[PDB]
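Contents: one structure, followed by commentary.
Throughout, protein chains are lettered first and strands after them, A, B, ... in sequence-line order, and every chain is numbered starting at 1. For the numbers below, each heavy atom of this structure counts, side chains included, while hydrogens, waters and symmetry mates do not.
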Amino acid sequence: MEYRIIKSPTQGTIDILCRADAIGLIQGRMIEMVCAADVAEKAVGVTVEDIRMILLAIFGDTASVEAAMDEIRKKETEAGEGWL
Amino acid sequence: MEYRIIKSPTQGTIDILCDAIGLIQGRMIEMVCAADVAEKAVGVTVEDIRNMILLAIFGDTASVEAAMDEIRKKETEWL
Amino acid sequence: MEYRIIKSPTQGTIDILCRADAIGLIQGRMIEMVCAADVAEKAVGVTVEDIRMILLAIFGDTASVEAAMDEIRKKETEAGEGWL
Amino acid sequence: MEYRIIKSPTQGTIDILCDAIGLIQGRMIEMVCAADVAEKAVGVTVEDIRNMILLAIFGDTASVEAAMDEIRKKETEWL
Amino acid sequence: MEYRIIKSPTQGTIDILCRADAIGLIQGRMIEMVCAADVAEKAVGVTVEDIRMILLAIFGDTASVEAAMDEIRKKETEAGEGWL
Amino acid sequence: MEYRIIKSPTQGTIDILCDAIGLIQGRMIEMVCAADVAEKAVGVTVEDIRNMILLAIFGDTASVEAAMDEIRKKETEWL
C-alpha cells in the first residue's frame, strides 16, 4: 500500500477529496483498503472516508491520524506466529 | 486470489462494503466460482461487491473461516 | 483464455451472473470471447450469455456444457494446415 | 493487432456484437486507421464496437478476407 | 506517443471519431496529449478535436496536418539546453 | 510523476482541460498531496481534472514554475 499524510490541509484539498488538522491517505487494492478502513474506524480521534473505491482518507488531529496510520501499517505487515 | 478476514467489523466498514467478514479478491471467473462454494457453505451470507470487484462472506468466525478454507482448497487442486 | 465449469450452481451464483445443471465460464479478450460465443451458439443443449463484455457464460446439462467448452477450446488452439 | 474471422455467424453472435464477420482488436489509433481501410474496401460494412473496443467487418467471406488482408498489409509496411 | 495520419478519410471514419482532406491522430498519456493539443491549436490550417480524453485528432489539408504533426513531435522530444 | 508546462495556452487548450498552465500527472494519492502544495503556493489557481486524472496549475509563468518546483521538491526528499 501507499501511505501519505497532509498536515494543515487547505479547503481546496478537502474539496478535491470530498467531491481536519491532518489528513492520512492510504491507497491500495480494495481488499487491503477495506481492512485498513476497519482499523481506522476503531481508531480514536479520526473520521474515515472511502474516496470513490480508489483511496482511503483519515481525518483528525495529527497525533490521532499518525497513530491510526501506524496501526494500519502494523496490521498490514501481519508477521504472525507460524508465518513460514 | 487474495484472502482476508475482518473480525468484529464496525458499521462503517460494513457501510464501505454495502461478527466476521471474509474477503476474496480475484479475476471475475475465479470470484463467480468462489461465490458458488460460499453459497453452498453453512452459516455464511455471500455478497458480490460491485462489474463485480470483490466477494464478501458474512457470518460467525468459524463459518467464515470454514468457507474461506473450502474456497482456497477448491482453487488449489493434474499432470 | 480461462475456462471454468460450475456444477449444480446455486440461485445466488446465477443471480451474480445474471445481474441450469451446469455453468461453463470462459474469460478472455473480447475478440476471443465473440469467437467462443459463436461456437457455443452452434452447440446443442446450451444457452449462451455475455456477461457485461467481461465473461461468457454457457448454461445447460453437464454433458452439453462440457462438449461446448471442449469445442471452444479446440477451435481456439487453431493448429491448421500451413501454421508455420 | 488481433485478427479473427467468424464464418456463418449465428444471430446470437451478431446480438453480442450489436455470411462472415472479420474482427480486429487493437489500440484506438490503430483501429480508426483500420476502419478507414475497411470503409474503402468493396463488399464490406464496418461497425465500431463500443469508447471503441473492437472493429467488426461484415460481408461475404471473399470481401471480408480481402478487407482483412488490406488492413494487415497497411499496418505492416523505413530504416 | 503514437502518431498516424489518415489521407482522404471516409465519412464513416469521421463518424467513428466524432461519435477534412487529412486526419492526423496522436495517442498518448493525457498530459502529453494536452501539450500536443496546444501546439495543434497554434498551427495554421488545422482543427483540433479531443476524442473522449483517449486520442487527439487534427483535421485539415495534408500539408497543414503533416506540418502540425511534425511540430508536435519536435516539441515532444524537448532536447533543450542543459538536458544532461 | 510527470510534469509539464504550457506557456501562453490557447482557449482550445483551456477548453480541453475544463499565461501559463503547469500540468502534473501521477497516482491519485500523489496528486492530492501535490494539490495541497499548489493550493498553498502564491499566484496560482489549482484545478483537478476529472475520478481525478490530472492536476492543472494556472497563473503567471514565475508563480507556476515556483509551485511546480515546490511540488517536485516535496515529492523527492531517510535511510
Applying a strict 4.5 Å limit to non-hydrogen atoms, the region of A/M53 in contact with chain B is side chain
Of all heavy-atom pairs linking B/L54 and A/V34, the shortest is CD2-CG2, 4.4 Å
Using a plain distance cut of 3.5 Å, could you tabulate donor-acceptor pairs between chain B and chain A?
unit_1: B/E2; atom_1: OE1; unit_2: A/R29; atom_2: NE; d: 2.7
unit_1: B/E2; atom_1: OE2; unit_2: A/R29; atom_2: NE; d: 3.1
unit_1: B/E2; atom_1: OE2; unit_2: A/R29; atom_2: NH2; d: 2.8
unit_1: B/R4; atom_1: NH1; unit_2: A/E76; atom_2: OE1; d: 3.1
unit_1: B/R4; atom_1: NH1; unit_2: A/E76; atom_2: OE2; d: 3.4
unit_1: B/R4; atom_1: NH2; unit_2: A/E76; atom_2: OE1; d: 2.8
unit_1: B/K7; atom_1: O; unit_2: A/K42; atom_2: NZ; d: 3.1
unit_1: B/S8; atom_1: O; unit_2: A/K42; atom_2: NZ; d: 2.8
unit_1: B/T10; atom_1: N; unit_2: A/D38; atom_2: OD1; d: 3.0
unit_1: B/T13; atom_1: OG1; unit_2: A/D38; atom_2: OD1; d: 2.6
unit_1: B/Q25; atom_1: OE1; unit_2: A/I31; atom_2: N; d: 3.0

Cut-off 4.5 Å, heavy atoms of chain A, and the answer for B/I16 is both
Under 4.5 Å to a heavy atom of chain A? For B/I24 that would be backbone
Checked B/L17, B/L23, B/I49, B/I14 vs chain A; the most non-hydrogen pairs under 4.5 Å come from B/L23
